[PDB]
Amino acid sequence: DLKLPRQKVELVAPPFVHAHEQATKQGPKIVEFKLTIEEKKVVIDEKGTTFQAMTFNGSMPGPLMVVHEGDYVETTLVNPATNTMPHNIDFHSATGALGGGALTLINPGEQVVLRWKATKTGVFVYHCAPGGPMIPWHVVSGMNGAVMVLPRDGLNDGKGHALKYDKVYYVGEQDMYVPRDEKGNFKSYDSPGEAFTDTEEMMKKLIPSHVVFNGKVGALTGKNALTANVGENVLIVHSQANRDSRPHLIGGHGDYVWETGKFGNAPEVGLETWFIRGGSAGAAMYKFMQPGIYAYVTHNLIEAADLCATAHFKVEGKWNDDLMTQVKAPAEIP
């Protein structure tokens, strides 16, 4: 019935983002994505704590899907028979049927195909929402990601100037609720079903045990640090499907920030810390001016340093002494 060209997208694991154009001369197309649900026990910290995760495509967050305004997004959702629970998908970018959730419920062994038109620009959460108390449980178990709907002319600053990024990263923040036993050690479970009772009791007290980026403490540090060069404009897309976050780039700024994540609104300029409302994604762009290590954190510093919510950037380039200099190194007080 709908006769537009079709384009397949090969999704990639976060924090990377599949190849895409910013400004395009393509007209609308049907863009085809596939997500396969995987339920799996994973390690979430350096002490070896385990967690019953539920994921789109094996990752937390699920992959970033990128399209342009007026595209039709056609998603094949697959729930293999090796899973134990029904799942679905709700796109905050979509209109009707609970974001698609009412049309995508699939038992283990089934798949479904949903199409929605991308009428609203910005970055948006997607997540599983199977019904009732299951909705929060599936989301905080890892079943969330994001989709970016770009204007066809790319991003702008709201004063008529183009904003082009040199690279984009997707940082998905996940609040996790891992119960402790009487001795005070984290509990491990054999199945998501068995984790449910204890996990729900903890969830309703609203305090996470862990808050992590990309699924694990230290995921985006060391070999897996984010990278840039002095002079590069980097877009950081940040989502949180359940709980607020307050991103901050230590040693940098948000030069242009859409904290509510929606490109019909002009970005704010020159922020120190921005706010991602639980159930939303936002985006910040920064042109790096200095080399060295930066940390990207939520600026609840207890969550950042003690609960897991810290990423690093390693930046190459030349140090600018005009911007900052150590006038006198540490020395004994006169």
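Residues carry their position along the shown sequence, with the first being 1.
- In this crystal structure, the stretch out of 233-241 and 74-82 whose C-alpha atoms carry the higher mean B factor is 74-82.
- Here the stretch with the larger average CA B-factor, out of 175-183 and 97-105, is 175-183.
- When the C-alpha B factors of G27, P63, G278, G282 are read from the deposited coordinates, the top value falls at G27.
- The PDB entry assigns its highest CA temperature factor, among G252, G215, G132, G145, to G132.
- The entry lists a Cα temperature factor for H138 that places it in the lowest third of the chain's modelled residues.
- Remark: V125 belongs to the lowest third of its chain, ranked by C-alpha B-factor as recorded.
- Ranked within its chain, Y170 lands in the lowest third, by CA B factor from the PDB record.
- Per-chain ranking of the deposited C-alpha B factor places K117 in the middle third.
- Ranked against the other modelled residues of its chain, the C-alpha B-factor of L226 as given in the entry falls in the middle third.
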